[PDB]
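In structure tokens, one chain follows: the form deposited in one PDB entry.
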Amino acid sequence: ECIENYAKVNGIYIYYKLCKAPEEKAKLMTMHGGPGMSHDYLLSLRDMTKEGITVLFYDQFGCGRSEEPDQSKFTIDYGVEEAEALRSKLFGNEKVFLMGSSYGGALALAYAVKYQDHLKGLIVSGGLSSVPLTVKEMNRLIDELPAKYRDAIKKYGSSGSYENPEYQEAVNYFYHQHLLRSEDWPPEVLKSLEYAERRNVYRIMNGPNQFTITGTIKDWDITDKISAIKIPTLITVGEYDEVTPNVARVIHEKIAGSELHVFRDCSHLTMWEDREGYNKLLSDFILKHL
């Protein structure tokens, strides 16, 4: 199996899981989303170790098994310096590939903008360069929901009654439509969702749920900076993704030479809805840019 341990980054203990591939061809670092979830739901990407790709997983600050820094450090900027400090501490000067999912994709983009010189490639899945845009698109999806659920979200969401049964029902319907399409949710996914509700990062940085971003990153938007990224980039997004293909398009437009793939019949957690297809696509991309 993989090796698990604690890395002293910026003064705090960060949990990481390094799954080395037999005949290593390259290293892939991963950034889970939320913000405030855990690496757990990205474990399906371990399959790539069979493709000669070593995958590094880690729980970001205040997430999962990792320690929580001062609240003042709950920022994407800190997350970027944490990722770099971890890369440097584990791989030194070796250049690696960086993959990010949702908020992790935003974190990956922020990282690339400042440290692309340390990367060989970039992969963004269900990621975003703009929170406001993501919010606007998610609101559109909410208006496409059945009246019942649409009114429940607006009514209780405006009164801050996220605990309400009717609201919970609307959230569930939305998730099975744009988060993880009607299937059989794996333990890895449930663990990440629970970790988010238990720690404090999600509530402070993100908000109550997936489609309600009232946290501290609500105005975050680096769409005007990502265009500086000049490294091979793979952008993936689900057809029914809660972070719409429109949002993905905005990233694709700014990154020259980047590739955009829209997974049909898939949503946000594409690495579980089409595990084989997802892992194949990423490994294909990685192996062509050594």
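All residue numbers are counted from 1 along the displayed sequence.
J.: Pick between 230-238 and 45-53: the one whose mean CA B-factor in the entry is higher.
T.: Of 45-53 and 230-238, the stretch with the higher C-alpha B-factor average is 45-53.
J.: Mean Cα B factor from the PDB record: higher for 99-107, or higher for 210-218?
T.: Between 210-218 and 99-107, it is 210-218 that shows the higher mean C-alpha B-factor.
J.: Kindly indicate the residue among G121, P186, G127, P132 with the greatest C-alpha B-factor in the PDB record.
T.: Across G121, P186, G127, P132, the entry lists the biggest C-alpha B-factor for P186.
J.: Looking at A147, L180, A112, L86, which has the biggest Cα B factor in the entry?
T.: Answer, based on the entry's C-alpha B-factors: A147.
J.: Where does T75 sit by CA temperature factor within its chain: lowest, middle or highest third?
T.: Its C-alpha B-factor belongs to the lowest third of this chain's values.
J.: Splitting the chain's C-alpha B-factors into thirds, which one does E81 fall into?
T.: Within its chain, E81 is a middle-third residue by C-alpha B-factor, going by the deposited values.
J.: Within this chain's modelled residues, let me know which third the CA B factor of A21 belongs to: lowest, middle or highest.
T.: CA B-factor rank for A21: highest third.
J.: Is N279 in the lowest, middle or highest third of its chain when residues are ranked by C-alpha B-factor?
T.: It falls in the middle third of the chain.
Beyond the structure shown, there is the form solved in complex with a partner chain, which is absent from this document and is the topic of what follows.
J.: Name the stretch, out of 171-179, 130-138, 73-81, 94-102, where some heavy atom lies within 4.5 Å of its partner chain in the entry with it bound.
T.: Answer to the contact question: 171-179.
J.: Heavy atom within 4.5 Å of its partner chain in the entry with it bound: which of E197, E166, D151, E183?
T.: Contact with its partner chain in the entry with it bound is made by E197 alone.
J.: Out of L193, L145, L119, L90, which one falls within 4.5 Å of its partner chain in the entry with it bound, going by heavy atoms?
T.: So the residue touching its partner chain in the entry with it bound, by this definition, is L193.
J.: Test of understanding: in the entry with it bound, would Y111 fall inside 4.5 Å of its partner chain by heavy atoms?
T.: No.
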